[PDB]
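What follows is a short report on a single structure.
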Number of protein chains: 4
Amino acid sequence: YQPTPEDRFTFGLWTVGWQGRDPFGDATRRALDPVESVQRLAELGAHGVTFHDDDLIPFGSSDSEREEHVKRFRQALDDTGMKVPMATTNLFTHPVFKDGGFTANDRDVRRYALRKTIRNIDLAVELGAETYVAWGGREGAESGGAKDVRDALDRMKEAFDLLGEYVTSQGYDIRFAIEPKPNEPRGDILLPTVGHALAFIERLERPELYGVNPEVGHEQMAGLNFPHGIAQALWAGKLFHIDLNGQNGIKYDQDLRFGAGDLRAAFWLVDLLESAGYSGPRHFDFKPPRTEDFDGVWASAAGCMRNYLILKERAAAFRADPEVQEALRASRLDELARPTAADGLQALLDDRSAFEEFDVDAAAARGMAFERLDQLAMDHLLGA
Amino acid sequence: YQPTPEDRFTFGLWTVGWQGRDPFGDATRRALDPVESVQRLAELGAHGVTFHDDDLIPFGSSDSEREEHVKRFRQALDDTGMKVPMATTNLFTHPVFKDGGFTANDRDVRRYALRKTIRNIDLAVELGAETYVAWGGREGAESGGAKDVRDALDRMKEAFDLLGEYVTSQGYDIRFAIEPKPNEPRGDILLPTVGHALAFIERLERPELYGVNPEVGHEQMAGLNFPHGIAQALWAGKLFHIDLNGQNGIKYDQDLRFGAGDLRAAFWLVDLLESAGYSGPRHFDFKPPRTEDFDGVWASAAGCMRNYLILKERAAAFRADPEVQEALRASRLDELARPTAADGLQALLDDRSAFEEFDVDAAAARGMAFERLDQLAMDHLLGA
Amino acid sequence: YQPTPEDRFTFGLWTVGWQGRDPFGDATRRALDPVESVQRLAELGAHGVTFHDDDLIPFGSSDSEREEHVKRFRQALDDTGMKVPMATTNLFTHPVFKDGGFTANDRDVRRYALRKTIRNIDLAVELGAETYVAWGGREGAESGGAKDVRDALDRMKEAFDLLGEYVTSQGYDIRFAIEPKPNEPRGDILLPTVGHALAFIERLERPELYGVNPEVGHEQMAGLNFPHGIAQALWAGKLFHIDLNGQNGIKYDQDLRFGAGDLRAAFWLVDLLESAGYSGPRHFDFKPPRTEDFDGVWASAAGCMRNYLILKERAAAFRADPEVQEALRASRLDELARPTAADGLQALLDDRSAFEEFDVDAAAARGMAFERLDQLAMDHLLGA
Amino acid sequence: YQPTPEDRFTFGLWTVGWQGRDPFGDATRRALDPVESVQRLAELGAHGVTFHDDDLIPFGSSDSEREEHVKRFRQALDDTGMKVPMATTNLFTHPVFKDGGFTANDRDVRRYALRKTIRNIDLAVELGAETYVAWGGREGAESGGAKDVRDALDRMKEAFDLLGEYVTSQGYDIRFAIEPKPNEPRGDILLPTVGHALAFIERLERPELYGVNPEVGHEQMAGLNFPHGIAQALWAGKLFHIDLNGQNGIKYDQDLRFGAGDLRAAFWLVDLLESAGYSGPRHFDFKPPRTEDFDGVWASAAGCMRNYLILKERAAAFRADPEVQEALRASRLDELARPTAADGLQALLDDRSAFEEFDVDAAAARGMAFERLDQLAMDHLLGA
Ligand SMILES: O[C@H]1[C@H](O)[C@@H](O)OC[C@@H]1O
Ligand SMILES: O[C@H]1[C@H](O)[C@@H](O)OC[C@@H]1O
Ligand SMILES: O[C@H]1[C@H](O)[C@@H](O)OC[C@@H]1O
Ligand SMILES: O[C@H]1[C@H](O)[C@@H](O)OC[C@@H]1O
Ligand SMILES: O[C@H]1[C@H](O)[C@@H](O)OC[C@@H]1O
Ligand SMILES: O[C@H]1[C@H](O)[C@@H](O)OC[C@@H]1O
Ligand SMILES: O[C@H]1[C@H](O)[C@@H](O)OC[C@@H]1O
Ligand SMILES: O[C@H]1[C@H](O)[C@@H](O)OC[C@@H]1O
Ligand SMILES: [Ca+2]
Ligand SMILES: [Ca+2]
Ligand SMILES: [Ca+2]
Ligand SMILES: [Ca+2]
Ligand SMILES: [Ca+2]
Ligand SMILES: [Ca+2]
Ligand SMILES: [Ca+2]
Ligand SMILES: [Ca+2]
């Protein structure tokens with residue numbers, strides 16, 4: 001279960017570089033130079049790395065320092081063959097963003113958020129990124145009177161439209177991917193789920209430039225089914241990128257390594273990504289637990305890729321098994337894929353077998369055989 | 001705090017008529033004749049009533065029985081002055097819908113679900129309903145292999161498109177409102193939140209014919225903020241109807257009376273509905289607890305309306321209070337409502353005050369004053 | 001992975017016999033005669049069956065009918081070799097228990113609950129049960145003023161003490177096991193978790209006669225860690241029985257088959273039961289989904305046992321693997337098992353290495369190596 | 001609604017002194033000198049303040065610095081009349097406690113945790129504290145193999161027993177109060193709820209020296225009912241202290257000001273504390289949101305006390321209202337408080353009215369009248 005470049009495994013600098021500070025605790029690890037992270041990730045088999053502006057160039061850097069940080073990072077990419085498929089802006093750490101970046105009540109802060117984002121889009125394009133993620137972690141509120149949500153959505157649409165106008169004006173090919181999160185750090189965050197983000201994009205001036213970047217743990221923090229949400233994003237043609245990790249139910253964002261947390265949902269997620277032919281990066285946005293030292297960081301990163309590969313094998317074995325294919329037919333998954341009334345409305349209205357002469361009791365008595373199907377899925381996942 | 005017709009308070013026959021059966025218990029109340037419910041609700045001050053096909057006409061009724069049930073119900077509406085603003089189809093009780101109505105794996109069941117829905121749309125229009133709700137409570141799954149979600153969304157779009165074609169073909173003015181629910185009775189339900197439902201409608205052939213019918217307790221079962229979701233529905237122009245009740249967090253659907261459950265969210269919800277000028281029915285979809293007898297049913301129904309009216313008074317007093325208006329300005333809610341960059345992209349890019357000369361520390365130091373604002377909101381809610 | 005009698009797999013009559021009625025749906029399966037269930041379960045490899053009074057003898061049965069129902073059930077046990085290790089009372093279905101059995105506000109109902117329980121304890125002992133479960137599903141409230149909790153705990157202690165006095169007076173060897181549940185059907189249920197139940201037992205007159213019957217899905221409905229709760233019950237010497245099933249997080253009680261839901265928690269649970277040498281029944285309290293017909297019921301029941309057996313194999317392989325034993329030492333699990341200060345308080349107070357000369361930085365720098373350990377656990381669970 | 005000394009309102013130095021750092025953000029406020037916090041809290045009407053060792057004396061302080069910090073703090077207490085009723089140890093911030101203090105796998109860390117705790121107990125007693133809180137925020141795990149829970153409970157009992165032996169040996173009158181939390185910062189924390197903590201105390205060598213310090217938001221993070229848990233702690237005689245704040249359901253620990261979050265549960269909590277005659281500190285363990293500046297910190301602290309006082313008034317008005325007293329009788333709360341069978345077991349067994357001649361249907365038909373009672377409670381809370 002060894003990673004290959006074709007696996008398109010990527011990691012954020014902030015994942016393996018997380019120093020272990022939490023709401024109740026100081027750092028447990030020293031900061032990592034991005035150069036070292038790129039070298040270690042490449043040795044593990046990763047194919048790419050992603051960054052926030054402030055992960056790559058320390059906030060408040062001079063132009064000379066900025067150029068030096070980029071130069072060293074570019075050298076590490078060149079030394080390893082690593083790609084930079086995606087970048088994003090830090091609009092959450094600095095205290096100025098305490099009430100948001102794009103939807104801050106203070107208009108001067110909203111303007112500043114856009115200028116900081118635009119500067120980094122230019123850098124992202126220079127490093128070859130195809131996707132630019134927006135995670136509005138500070139957009140939201142802890143109390144009802146603090147944020148009029150319709151006004152905040154107007155400000156959020158305004159900002160995304162300006163960014164769309166900027167990329168179009170520069171002839172860039174980069175597309176945006178909005179990453180939903182339901183809460184944390186704000187009490188409630190705006191566009192809290194993949195559904196809210198999909199609905200919002202359809203009101204933007206150039207919707208084609210935007211998609212979603214769903215994260216396993218985020219949808220799970222709302223107790224939602226992550227593979228279902230990904231299916232709806234795929235159905236919309238909007239799965240531009242994805243963040244893989246684990247989460248143990250409704251609680252704070254744990255960012256466990258992928259495979260940890262809800263193992264069965266990880267299995268059905270990989271089954272769906274592979275069956276649907278998702279072709280973007282398989283990006284891990286996780287945090288090696290603060291209990292770990294540097295050796296445990298790299299073990300945790302390797303485990304993300306290993307788990308994806310084991311799950312890929314088992315889901316492929318499941319779908320290819322003739323006994324599973326027979327069970328899928330027994331459960332009528334083939335009939336779910338056939339149109340309900342390709343004959344048309346009038347034909348349906350005149351079809352007595354659809355109503356007047358439909359034997360509801362006979363239909364009701366037919367078992368769905370879903371448990372047998374699911375135990376074949378469990379046996380394949382466990383290699384039983 | 002006495003209801004008036006202008007309050008547009010409505011109730012489902014199945015709410016006050018709920019007999020108290022739960023997963024672990026038999027009925028605690030006798031069935032109510034819809035005629036009696038219409039009479040009692042009208043005496044409490046309600047203005048309208050809603051129904052599923054099977055609440056008004058027992059499933060499997062002959063045409064003569066159907067006509068008789070409707071005749072008596074029409075007489076009660078006429079005797080009381082009560083309206084029927086909304087109706088819906090029962091696509092969840094009968095065992096034939098065990099795997100769904102519109103998204104059942106069995107194609108014959110999907111066709112039957114549409115024929116049952118169409119028959120009731122005709123009746124709804126005859127009774128004067130303006131909104132027809134779809135609640136796909138059986139659409140979903142308990143296991144991963146049982147339902148391919150992209151195929152189910154294709155079947156769901158197909159069904160909604162056929163229904164849109166049917167209402168258009170009859171020249172009806174009725175519009176549809178899809179009611180999201182994240183789970184229960186299925187392990188996970190398709191279109192689980194207001195966001196997913198809004199995003200789905202934008203892929204339908206005639207999106208203008210569809211909106212949402214969000215329910216307080218449903219969004220709260222995903223731990224989401226209900227007033228935020230309603231704000232996004234309003235922002236989209238899609239709040240066609242609403243279901244009001246209470247819920248105590250993430251657990252089974254409690255359907256408490258409105259005002260119970262999360263009282264502060266009820267306050268901010270009524271504040272938003274009234275400020276936004278929502279003009280549809282204020283419909284209660286709740287269940288008087290099974291501990292209650294018939295007298296407690298009517299007390300619970302009256303309490304729904306009373307609570308809405310007390311909250312309406314307190315939210316109006318809050319928004320009208322000059323001290324609150326000053327606090328809103330102190331927290332910059334006025335600046336949230338002003339465009340970020342009406343000057344345009346190029347002007348923003350050339351504005352040094354937005355970046356090069358923006359004093360982030362001075363901006364960061366400015367408190368938002370949200371706690372003072374929220375304690376004024378608490379004082380108004382409590383009449384302190 | 002075929003069950004043997006030594007596996008002590010048991011099932012409630014109400015599990016495979018569940019007819020599929022839910023809050024929104026009618027039965028999807030015909031009732032099962034307990035005789036048929038005992039025969040089918042025995043054919044699958046189960047070793048025992050459990051019952052509520054009302055599952056075995058229909059509520060309101062005459063003495064002759066009661067004797068006949070018992071006679072046929074005894075014949076089926078004799079025909080199959082099946083055991084009856086545990087029984088319990090239905091104090092939740094009948095409307096008289098709408099506000100509780102032992103803690104009903106109506107005193108006449110509390111007395112009746114005790115008389116109904118006592119009658120069935122006599123029957124349980126006659127059928128050979130060693131454990132009598134109490135699940136106070138109706139003990140609790142939907143509103144604050146409805147139940148004074150200190151008074152309800154007094155009534156609950158009174159009832160358990162009377163039951164303890166009754167078994168002691170008859171010379172029975174049967175012991176009680178209280179099954180916690182946090183909510184559903186009541187908004188909040190009294191003794192909501194294994195901790196609350198353990199604490200309550202320590203205030204009973206004969207605490208030795210009571211233990212707990214924790215259920216996987218119940219603790220998970222509070223988002224608690226089920227193996228941790230079982231560890232605390234074991235630590236207390238109070239794990240008298242256990243209910244095995246699956247649950248997908250915080251939501252209504254799903255009662256999926258064991259292995260479904262949180263698969264990693266099922267793995268750590270079986271690892272703990274086996275390592276601790278738990279010797280009671282491995283009882284499944286689950287509901288085959290209502291999508292299923294009779295064939296799917298038996299497939300679901302078989303899957304419960306299969307999953308327990310696969311997890312038993314993988315956890316045993318994990319603990320026996322020398323590489324895992326080395327990792328456990330690397331993570332200091334051996335040092336967790338050694339007393340902190342067997343040298344005593346004064347020796348600790350005078351030990352400069354414990355404070356004055358303790359190098360906190362050197363200790364802090366040592367990684368815990370938990371991720372490597374956990375990926376060995378994942379590899380064993382998946383057979384990778 | 002102005003605080004008085006008799007209200008016993010207290011606050012932790014770390015509450016109003018919280019600098020606003022979160023998992024995704026830097027500090028938004030400068031550190032406060034404890035002297036200033038004591039002065040400001042006293043001006044607001046608080047009566048006492050509490051501390052962790054490391055809030056009062058910076059970690060790694062020399063003896064001279066330690067004495068100076070204490071001297072200035074003692075001067076501020078003397079200048080204001082403020083009390084120090086409770087203290088606790090910081091066993092979570094420093095990286096050495098990354099795997100716990102008392103239950104760290106590393107034995108040297110467990111010894112160090114006890115020595116750090118003992119040093120601060122001496123200081124707490126010198127400052128007049130009556131209660132010493134233990135919050136084992138780092139005791140727990142993110143993965144199954146990392147912590148054997150029975151061994152960790154042995155180590156936890158060992159540590160508490162040594163602390164009990166230490167206070168007894170010094171003749172101190174101080175008692176301990178264990179504060180449960182279900183998760184955060186560890187994936188799952190040991191003794192996750194008030195029930196688990198109560199059960200654990202009953203296994204300690206001197207149980208009389210230990211009680212609980214429940215926190216509103218903590219029990220709510222498990223979706224549990226906080227007033228119910230407090231009722232069980234009161235029933236056990238173990239409510240030694242309490243932490244008051246708000247929380248909006250199951251998610252990360254928000255620590256909102258008291259009254260925010262679940263307002264109805266705050267009402268029933270204050271009703272219970274006052275009716276039961278709880279006589280310990282009404283301590284606020286909350287964090288003014290990081291959106292706020294210093295003025296908003298003091299507004300938030302004042303709001304905690306104001307809300308407690310408004311709720312105290314409304315709950316007292318509720319219990320004193322003759323119409324509410326009549327409703328309580330109508331709902332049989334008086335019968336809940338009467339023994340079920342003071343006549344004894346044999347009298348119950350021979351009482352035909354308890355079984356043979358009990359009319360279950362007549363009893364079942366009696367409504368509980370809980371909705372009318374609850375709407376009187378809502379009307380009192382809102383002053384309607
Ligand atoms: O993906 C986002 C992540 O979830 C957050 O924690 O940091 C910003 C990243 O863009
Ligand atoms: O028993 C069921 C079978 O498993 C399924 O495949 O077809 C319907 C039948 O009723
Ligand atoms: O609004 C829906 C309700 O939530 C459900 O329980 O019954 C169908 C109704 O249409
Ligand atoms: O103190 C703050 C004030 O409350 C707000 O209104 O303006 C910013 C100031 O910094
Ligand atoms: O174990 C209990 C189960 O969880 C409940 O649903 O039925 C009573 C059983 O005793
Ligand atoms: O690297 C760590 C190792 O994995 C563990 O076993 O001992 C502490 C070391 O610091
Ligand atoms: O009460 C505890 C609080 O909940 C935690 O966050 O800090 C330690 C305090 O002792
Ligand atoms: O209607 C009910 C009344 O409200 C209660 O107080 O007594 C039982 C009666 O049945
Ligand atoms: Ca995350
Ligand atoms: Ca992410
Ligand atoms: Ca509902
Ligand atoms: Ca509804
Ligand atoms: Ca259950
Ligand atoms: Ca059970
Ligand atoms: Ca807290
Ligand atoms: Ca606390």
Side-chain angles (χ1 to χ4, degrees), chain A residues 95-96 99 105-112 115 143-146 148-153 155 158-159 162 165-166 188 192-193 195-196 198-199 202 222-225 228 231-232 234-235 250 268 331-333 335-341 345 348 354-355 358 360 363-364 368 370 373-374 377, chain B residues 95-96 99 105-112 115 143-146 148-153 155 158-159 162 165-166 188 192-193 195-196 198-199 202 222-225 228 231-232 234-235 250 268 331-333 335-341 345 348 354-355 358 360 363-364 368 370 373-374 377:
Chain A
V96 74
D99 188 41
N105 283 356
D106 288 304
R107 172 173 177 278
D108 57 0
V109 171
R110 303 195 297 269
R111 293 175 66 84
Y112 175 69
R115 290 293 304 286
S143 48
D148 178 285
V149 173
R150 292 168 293 152
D151 292 333
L153 290 174
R155 298 292 83 74
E158 193 182 5
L162 286 165
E165 190 183 348
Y166 180 68
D188 290 291
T193 76
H196 298 74
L198 293 170
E202 284 282 74
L224 296 181
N225 179 310
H228 283 197
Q232 183 169 344
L234 286 166
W235 188 74
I250 302 167
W268 294 112
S331 294
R332 290 88 77 200
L333 273 301
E335 279 195 35
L336 175 69
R338 308 200 287 261
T340 298
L345 177 57
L348 174 65
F355 199 63
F358 181 56
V360 296
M368 302 312 301
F370 292 155
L373 177 62
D374 195 54
Chain B
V96 74
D99 188 41
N105 283 356
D106 288 304
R107 172 173 177 278
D108 57 0
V109 171
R110 303 195 297 269
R111 293 175 66 84
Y112 175 69
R115 290 293 304 286
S143 48
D148 178 285
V149 173
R150 292 168 293 152
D151 292 333
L153 290 174
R155 298 292 83 74
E158 193 182 5
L162 286 165
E165 190 183 348
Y166 180 68
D188 290 291
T193 76
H196 298 74
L198 293 170
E202 284 282 74
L224 296 181
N225 179 310
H228 283 197
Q232 183 169 344
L234 286 166
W235 188 74
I250 302 167
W268 294 112
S331 294
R332 290 88 77 200
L333 273 301
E335 279 195 35
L336 175 69
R338 308 200 287 261
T340 298
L345 177 57
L348 174 65
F355 199 63
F358 181 56
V360 296
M368 302 312 301
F370 292 155
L373 177 62
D374 195 54

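First the proteins, then the strands, lettered A, B, ... as listed; each starts at 1.
The two residues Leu333(A) and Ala146(B) have their closest heavy-atom pair at CD1-O, 3.4 Å. Shortest non-hydrogen contact noted between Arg110(B) and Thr340(A) is NE-OG1, 2.8 Å. Closest heavy-atom contact between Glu335(B) and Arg107(A): OE1-N, 2.9 Å. The shortest heavy-atom contact between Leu224(B) and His196(A) is CD1-CE1, 4.0 Å.
Only the side chain of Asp99(B) comes within contact range of chain A, judged by heavy atoms closer than 4.5 Å. With a 4.5 Å cut-off on non-hydrogen atoms, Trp268(A) touches chain B through its side chain but not through its backbone. For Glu158(A), the part lying near chain B is the side chain, with the backbone staying farther off; criterion is any non-hydrogen pair under 4.5 Å. Proximity to chain B (any heavy atom under 4.5 Å) is restricted, for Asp374(A), to the side chain, taken from C-beta onward. Only the side chain of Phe358(A) comes within contact range of chain B, with heavy atoms under 4.5 Å apart. Neither the backbone nor the side chain of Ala377(A) comes within less than 4.5 Å of any heavy atom of chain B. Only the side chain of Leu373(B) comes within contact range of chain A, with at least one heavy atom under 4.5 Å from a heavy atom of that chain. With a 4.5 angstrom heavy-atom cutoff, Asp188(A) touches chain B via backbone and side-chain atoms both. Contacts between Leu345(A) and chain B at a heavy-atom distance below 4.5 Å involve backbone atoms as well as side-chain atoms.
Considering CG of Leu162(B) and CG of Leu348(A), their distance stands at 7.0 Å, rounded to 0.5 Å. Residue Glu202(B) holds its CD atom at 11.5 Å from CG of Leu198(A), rounded to the nearest 0.5 Å. Between atom CG of residue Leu234(B) and atom CZ of residue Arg150(A) there is a gap of 6.0 Å, rounded to the nearest 0.5 Å.
Chosen from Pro192(A), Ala341(A), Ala152(A), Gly223(A), the residue pairing most often with chain B at heavy-atom distances under 4.5 Å is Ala341(A). Your options are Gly145(A), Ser143(A), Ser331(A), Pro339(A), and the one with the most heavy-atom pairs under 4.5 Å with chain B is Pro339(A). Contact count against chain B (heavy-atom pairs under 4.5 Å) is highest for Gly144(A) among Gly144(A), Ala199(A), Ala231(A).
Partners of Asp151(B) according to the side-chain contact (heavy atoms from CB on, under 4.5 Å) rule, which considers only residues two or more places apart in sequence or in another chain, are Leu336(A), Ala337(A), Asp148(B), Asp154(B). For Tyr166(A), the ring-ring contact (aromatic ring centres under 6.0 Å, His included) test picks out no residue, with sequence neighbours left out.
Within the 3.5 Å criterion, the main-chain N or O of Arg332(B) finds no donor-acceptor partner in the side chain of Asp106(A).
With contacts defined as side-chain heavy-atom distances shorter than 4.5 Å, the pair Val149(B)/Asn225(A) does not qualify.
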